[PDB]
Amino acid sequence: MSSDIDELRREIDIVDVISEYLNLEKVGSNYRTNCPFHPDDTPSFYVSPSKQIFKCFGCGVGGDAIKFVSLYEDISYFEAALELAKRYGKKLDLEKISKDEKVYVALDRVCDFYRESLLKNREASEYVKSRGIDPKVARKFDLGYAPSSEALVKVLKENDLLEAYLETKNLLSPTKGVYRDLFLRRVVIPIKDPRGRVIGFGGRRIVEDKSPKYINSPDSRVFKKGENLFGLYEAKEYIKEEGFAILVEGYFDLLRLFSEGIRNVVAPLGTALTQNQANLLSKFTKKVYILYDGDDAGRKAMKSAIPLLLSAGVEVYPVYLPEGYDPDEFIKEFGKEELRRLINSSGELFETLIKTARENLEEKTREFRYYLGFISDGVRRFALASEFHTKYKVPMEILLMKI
């Protein structure tokens, strides 16, 4: 399509805009300086020419060039947009700004509100920390806290973003023109699309309540839980570099592995892996290690997810935690490096079936022939069938499910 704001963003170079305000030192391909928004001793505020964003490793504030100006000048995102449009000789009529654009800006402003709120609340902050999440990871992932509906509503109204935000359904209305934050009182975990745009939130409750321990934004135009993976934006460069991804069950397992420097990690949004999520993962990698809880249900969840991964053409390597351990407890007892080793020592699905079918030929043949049926590569399919046939003498027509 065609929009003033998108055209403005394309024309701006974040390096030129921030350099007007700050003394930027070139460090590698990036620039760094001391943060103007929080106070620390050592320059922690980075500007990436290649990503066209800034990010403070000290307080976690981050965003594009317009957003920097908004924060520096204490004005709204679109107010900052207008100021930059004048500097660049680009048009921007604030009346032509689509609601659509405002939704994303609202999502992002609400993310900043929650982040600030987490820093200010001692119980929430200590909670997150007490759970083994590193403060550096908490900041990278823009973790927050929802302290007040009225506080949130005030920032929305002040920024002229309330009506846009209402399209997300992250706000309830119990009575006319009064609002309650869906995530009230929860530690907030922003959900980003694969390009890093905040599209919604998960919320983990930290108080005793009748409500679910975890909730997500409801599905909508902007947010589809079944089509996104938590951590993909943060993980994708590590996944590419390492040549595989690690799939864990939920956000807390992911945040923990990232806290321990294991960064090529994704998790299903909210729940069980979906086919769309397996398809999406396959666009970044063709090898996935699955690391679910070391109990029955975890093992059963790995078995449900494997055919979705196979169908998407990924090679699967199940990682078996010892009985009773989730990733968090395993890391606490044995250390991050042992988890890396466990993951590495884990055999590929079919190679492991072939190796262990000896245990229970009957049950293991069942599994093998079942998983085999999700391989779209017939050449590979056949070689796997041949190996099993050769080894255990099970007829090719049993293995290929020929009726």
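All residue numbers refer to positions in the sequence shown, first residue = 1.
- Note on 149-157 vs 135-143: mean CA B-factor is higher in 149-157.
- Comparing 307-315 with 202-210, the stretch with the higher mean C-alpha B-factor in the PDB entry is 202-210.
- When the C-alpha B factors of 299, 286, 236, 129 are read from the deposited coordinates, the top value falls at 129.
- Of the candidates 62, 335, 36, 28, it is 36 whose Cα B-factor is highest according to the PDB record.
- Annotation for residue 97: C-alpha temperature factor in the highest third relative to the rest of the modelled chain, per the entry.
- Per the deposited record, the Cα B-factor of residue 194 falls in the middle third when ranked against the other modelled residues of its chain.
- Residue 257: CA B factor in the lowest third of modelled residues in this chain (values from the PDB entry).
- Per-chain ranking of the deposited C-alpha B factor places residue 249 in the lowest third.
- Ranked within its chain, residue 115 lands in the lowest third, by CA B factor from the PDB record.
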